[PDB]
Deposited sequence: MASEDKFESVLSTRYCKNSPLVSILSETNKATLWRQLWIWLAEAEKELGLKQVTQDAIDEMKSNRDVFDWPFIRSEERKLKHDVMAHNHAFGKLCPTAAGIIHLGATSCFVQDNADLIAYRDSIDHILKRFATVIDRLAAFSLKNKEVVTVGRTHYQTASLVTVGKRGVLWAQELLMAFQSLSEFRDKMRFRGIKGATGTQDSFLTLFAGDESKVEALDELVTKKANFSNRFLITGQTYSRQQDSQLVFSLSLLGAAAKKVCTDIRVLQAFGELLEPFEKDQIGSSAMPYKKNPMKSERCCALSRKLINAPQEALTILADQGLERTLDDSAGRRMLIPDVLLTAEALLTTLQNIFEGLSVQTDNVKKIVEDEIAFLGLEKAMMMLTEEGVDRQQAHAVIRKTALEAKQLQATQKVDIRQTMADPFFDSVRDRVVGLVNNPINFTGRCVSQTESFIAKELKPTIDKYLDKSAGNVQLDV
């Protein structure tokens, strides 16, 4: 039974229905390794390396998805190198191509580039879910753009705002995180071909000293992998600073989400909101997931700081554990946020009452600045105006309404629209 052994709670519970569970699986990674060896073979052939035949390539393409795990496992045992084992395994499936698989390339060629492909694919799915989450929150905000409630500083009544303005305040936190992850996705650079230390000496020799062919190969493989950007300067691997940026972008989602979810939990305790005695359990799961993403950046940064010269392998086990975990955690977090925003509702009776218990004083503070219970005379020059505000709280909310609408129409939608359907 699967329950008899420790299991990833993210994979088996919080993200069981996410495509990330497939994207980040060993099978998909090994598949990407083969796909990369395929593209490498195709590009080298296209560039004149005759030793790579079309028959060899056809075997590779035909057997890309065929995995003999029992065999692969024994191979990873005889020789303690996964890449070598998989190359050997792929070699036995494609005997004609066996000799040219990974020709001139380093193991890091498939390892690093497969991670980048797996990561970006995962990020693309996260971005679609992210957009939906933000869209749901925008819907909630518009729906409540004119529902008055008390603004709070130190968690205490400070003025009057609208549920919608606050909804947009939360929306902005999430939108800025979205924009960060969105920009990271556009700027992500592919490693391409760089050799074992980054000099490309093996490929150069392979091309009899022609550097333009080495550059063309690097560009060609990058193009096949569907990347617009690639590193030109590297050691054995692409800069781990790129991974820090990846983790940080997701940590922004965590910080933003935790602020939003804690607000909802507090507001629910105040009796103002109700997430889909009713406990805000979804919001609490949201804070737990968010807390994890928030505490991840410093490890990624330390990984970079710990990289020795052209490369030290103290990053492998660390990257293998860290990155897939944050990607999945972010997805589980977004799924939760989506549930919350789809059914989040306002306890209008409680909100109206909270507003009524505070509006007299906010009115008094208002009269004092402009300078019922104000028949002195002394408020004679501001009595009617204040009374009007008290009978129409919405006029006590400054520009909450227009701010809410313009932000959504001119900033939020234009930003996420391209990710929604």
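Residues 1, 278 to 290, 386 to 418, 469 to 478 of the deposited sequence have no C-alpha coordinates in the structure.
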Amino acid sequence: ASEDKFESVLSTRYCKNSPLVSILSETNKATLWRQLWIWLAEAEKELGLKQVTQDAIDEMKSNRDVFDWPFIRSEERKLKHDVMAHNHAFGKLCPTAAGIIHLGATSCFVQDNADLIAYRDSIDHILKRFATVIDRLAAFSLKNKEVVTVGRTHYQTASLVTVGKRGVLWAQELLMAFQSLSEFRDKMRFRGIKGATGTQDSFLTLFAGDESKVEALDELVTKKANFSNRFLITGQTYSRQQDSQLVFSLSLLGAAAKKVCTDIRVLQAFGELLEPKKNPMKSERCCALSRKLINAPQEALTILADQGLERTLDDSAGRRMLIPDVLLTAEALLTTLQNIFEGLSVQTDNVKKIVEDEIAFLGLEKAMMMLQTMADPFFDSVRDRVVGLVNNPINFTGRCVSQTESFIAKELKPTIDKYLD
From here on, numbers count along this sequence of modelled residues.
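Judged by mean Cα B factor in the deposited record, 374 to 382 ranks above the other of 55 to 63 and 374 to 382. 327 to 335 and 209 to 217 differ in mean CA B-factor, and the higher of the two is recorded for 209 to 217. When the C-alpha B-factors of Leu137, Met84, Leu246, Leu309 are read from the PDB record, the largest value belongs to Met84. When the CA B factors of the chain's modelled residues are split into thirds, the value for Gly167 lands in the lowest one.
Split the chain's modelled residues into thirds by C-alpha temperature factor. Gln35 is in the lowest one. For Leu24, the recorded CA B-factor ranks within the lowest third of the chain. Only modelled residues enter the ranking. The entry lists a Cα temperature factor for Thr397 that places it in the middle third of the chain's modelled residues. Sort the modelled residues of the chain by CA B factor and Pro95 lands in the highest third.
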